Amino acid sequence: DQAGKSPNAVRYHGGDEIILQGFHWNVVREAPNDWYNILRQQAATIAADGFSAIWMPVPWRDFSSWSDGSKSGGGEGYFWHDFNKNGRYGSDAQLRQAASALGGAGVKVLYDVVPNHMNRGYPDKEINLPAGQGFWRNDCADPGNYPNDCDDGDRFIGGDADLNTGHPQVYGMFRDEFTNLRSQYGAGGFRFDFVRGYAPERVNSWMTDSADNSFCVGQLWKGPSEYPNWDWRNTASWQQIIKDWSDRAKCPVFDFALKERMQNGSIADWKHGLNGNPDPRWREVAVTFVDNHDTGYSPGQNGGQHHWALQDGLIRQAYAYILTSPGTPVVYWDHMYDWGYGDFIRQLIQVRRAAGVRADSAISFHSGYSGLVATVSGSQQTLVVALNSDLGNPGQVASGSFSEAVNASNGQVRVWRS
């Protein structure tokens, strides 16, 4: 588990991370004020299960609230009112103990940070940016969901809570908080939220200033069709759009190309995610996932958000895929500890580890069989992966002696290793 930036100075922190998304959407409602306490107690098991990092929820307190139709929400962290750590997940003191316990067990803690907007309208907060000083996107004329003079990116919904991240004083505010998270809360890196709401270069700057050598990941969720007609991106692939962001922020990016293929393509089409790209410079910057707090289910109310959920009969296949392939994989809290995929994932993580699969490992796709058949070249062993495939045996696609590593779902999930 080394460190170092990629050959392109991209902050993938050694290319051998295995991340646990340390929360689900309904945590504030299912274990109110008690999440840091649970993470603290489970620190030893997370480390033993094989994760080298954990994506923690937004540490900034959120007392927001909404009701839309028959749904309600708030306090999850994405509509924060100040940097005070005494929120819905637990107290400042409890966060410090969780971070320490996690760090102590060998799991780097990555905080989710939301620079785009804040709960501008909350009455009792410690940050008060008055209007008319250029601190807000809406301090400038705001025609549409396009960059204006006060906000160099898209806006969140109405844009009325969007910050001018480029304003010297705002940039500085975030900068110092990132430094704070790092030296007082054990930050080993950050997950940048809603990266489409502000310039990618600003992310590069923040990291340069506070955590140059840490890990970073940006959440860019914007399809080709969201860009203007005359924009090069309007007719670009999902890979291109996200690679472009990663080149500019110098941070790994969530593989929405893969997610898109998982949702709308067939299993054989998964070789079209950013992680399957034949150029190591492209692959190695992908941060793969099966579902997250937005896309997937969560225990509790409404089944969570489930905006782009994976078909239930592909969950094991999806995990065998991300866990044996290039890019940096992210495991969803619930699959691991709530829905019983624990044993299955532990297995795959051990296979990834023994094989020495890393972010830039080579992967080749075989086309003469049904499903997905891939040969992954780990630094230690070669993996042959067959998902929902009629492949007979590894020898049909690769030379050398093979031993079965995994065999689940009726032969639907098969992995062999040299």
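A residue's number is simply how far along the shown sequence it sits, counting from 1.
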(message) When the Cα temperature factors in the entry are averaged, is it 219-227 or 283-291 that ends up higher?
(response) 219-227
(request) Would you tell me which stretch averages the higher CA B-factor in the PDB entry, 141-149 or 239-247? (result) 141-149
(request) Choose from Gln317, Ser266, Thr328, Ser91 the residue with the greatest Cα B-factor as stated in the PDB record. (result) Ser266
(message) Maximum C-alpha temperature factor per the entry, among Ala44, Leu383, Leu39, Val27, belongs to which one?
(response) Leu383
(request) Select lowest, middle or highest to describe the third in which the CA B-factor of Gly166 falls within its chain in this entry. (result) middle
(message) Ranking the modelled residues of this chain by C-alpha B-factor as given in the entry, is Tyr122 in the lowest, middle or highest third?
(response) highest
(request) State the tercile, meaning the lowest, middle or highest third, of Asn393 with respect to the CA B-factors recorded for its chain. (result) highest
(message) What third of the chain does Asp160 rank in for C-alpha temperature factor, lowest, middle or highest?
(response) middle
(message) By the recorded C-alpha temperature factor, relative to the other modelled residues in its chain, which third is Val357 in?
(response) middle
